[PDB]
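No Cβ is skipped: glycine too gets one built from the backbone with ideal geometry, and neighbour counts run over all protein chains shown. Read the figures in this text as sums done on the coordinates, not as results from a lab.
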Amino acid sequence: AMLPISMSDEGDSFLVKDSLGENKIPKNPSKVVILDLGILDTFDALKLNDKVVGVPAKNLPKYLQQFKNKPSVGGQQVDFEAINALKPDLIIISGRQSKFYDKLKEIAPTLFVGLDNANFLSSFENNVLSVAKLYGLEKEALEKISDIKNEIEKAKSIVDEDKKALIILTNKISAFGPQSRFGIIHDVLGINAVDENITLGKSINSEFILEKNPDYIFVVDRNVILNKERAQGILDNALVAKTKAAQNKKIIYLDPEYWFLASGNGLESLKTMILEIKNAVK
C-alpha cells in the first residue's frame with residue numbers, strides 16, 4: 001500500500017512527505033510545472049490555471065486544451081532545460097515520472113501524486129486534498145470529491161451483478177484485471193471480472209477471449225495515441241464474434257487519452273471516465 005502524502009503546516013510553507021521523499025513546499029506556489037495530466041485537470045477544477053507555468057504539451061489531450069499555450073516541458077520525454085528555464089517553485093509528478101525524481105528535485109521541490117492501484121479512491125482523494133491544502137482550497141476540493149463519490153454510486157447502482165467484463169489493451173492484445181492500471185472498472189465501479197486471477201498485463205489472443213466469453217469487453221486502444229491498425233480490426237474475427245460481448249454490441253472502446261494517459265487524479269477527468277463506463281453498461 002503506497003505511503004500517502006502527509007503535510008504539516010510550518011508557517012509560510014508545508015513540510016511534505018510522500019512515497020518518494022520529503023520536500024519543503026511554499027504555501028500558494030505560483031510557478032508550477034505539472035507532468036501528471038490528471039492533477040493538471042484538478043488545477044483547472046480548483047481555478048489554479050494561472051499558477052501553472054509548464055505542462056507536457058506534445059501529449060496534451062483534447063480535454064486540456066486550455067493549457068495548450070503553456071510553455072512545454074516535454075510529453076514519456078521530460079525536457080529538463082525547459083523546466084530549469086521556467087524556475088518553478090513546485091514540480092508535480094505521478095507514476096510515469098518517478099524515474100525522473102532525483103533530477104527534478106535538484107530543480108525545485110517535487111510532489112508525487114501517485115495512484116495506488118490497490119487503493120485508487122484513497123490515493124485520488126489524498127492527491128486532490130494535498131494540492132488543495134497548498135492553496136487553502138480544502139472546502140472546494142471536498143465538495144468536488146463528494147460529487148465524484150455521488151457519480152460512482154450512481155454508476156454502481158446500475159451494474160448487472162450476473163455479467164462479467166474483460167479489459168484489454170491493444171498487433172499485441174493484453175488483458176488487465178482487478179488492481180491493475182485500469183482497475184477502477186472492477187475495483188470502484190464493481191463490474192465483475194471474467195478473470196479475477198490475472199503493469200504490463202497478460203498476453204492473450206482471440207481464443208482466450210472466446211474461452212472467457214465476457215458480457216462486456218473494455219478496450220483501450222494505444223494505437224490511437226501513437227497507426228493504421230486498430231482494435232475494431234484486431235477483434236473483427238469469427239472467434240470474437242462468438243462472444244456475448246460482440247452479440248450484444250458490448251465491445252466498448254474507451255478513450256485512451258483518459259485511460260492510457262491515466263488522468264484519474266482529475267476532478268473532472270475522473271468523472272468523465274466514470275460516466276463513460278456507466279453509459280456503456282446501462
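Please order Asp9, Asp255, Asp162 by the number of other Cβ within 10 Å, starting at the fewest.
So the ranking, lowest neighbour count to highest, is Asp162, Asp9, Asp255.
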Stokes-Einstein D for the chain, Kirkwood Rh over Cα pairs, 10 °C, 1.306 mPa s (µm²/s): 80 µm²/s
Would you list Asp18, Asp195 from fewest to most Cβ contacts within 10 Å? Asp195, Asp18
Neighbour-count ranking [beta-carbon atoms within 10 angstrom, fewest first] of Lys212, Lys282, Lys62, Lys244: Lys62, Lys282, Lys244, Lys212
Just the ratio, please: alpha-carbon radius of gyration of region 159-254 over 2.2 N^0.38 Å, N its number of residues. 1.00
How big is the antiparallel share of DSSP beta bridges in the chain, given as a percent to the nearest 5? 45 percent
Given R₀ = 45 Å, what would the calculated FRET efficiency be for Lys242 paired with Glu10, taking r from the Cβ atoms and rounding to 0.05? 0.10
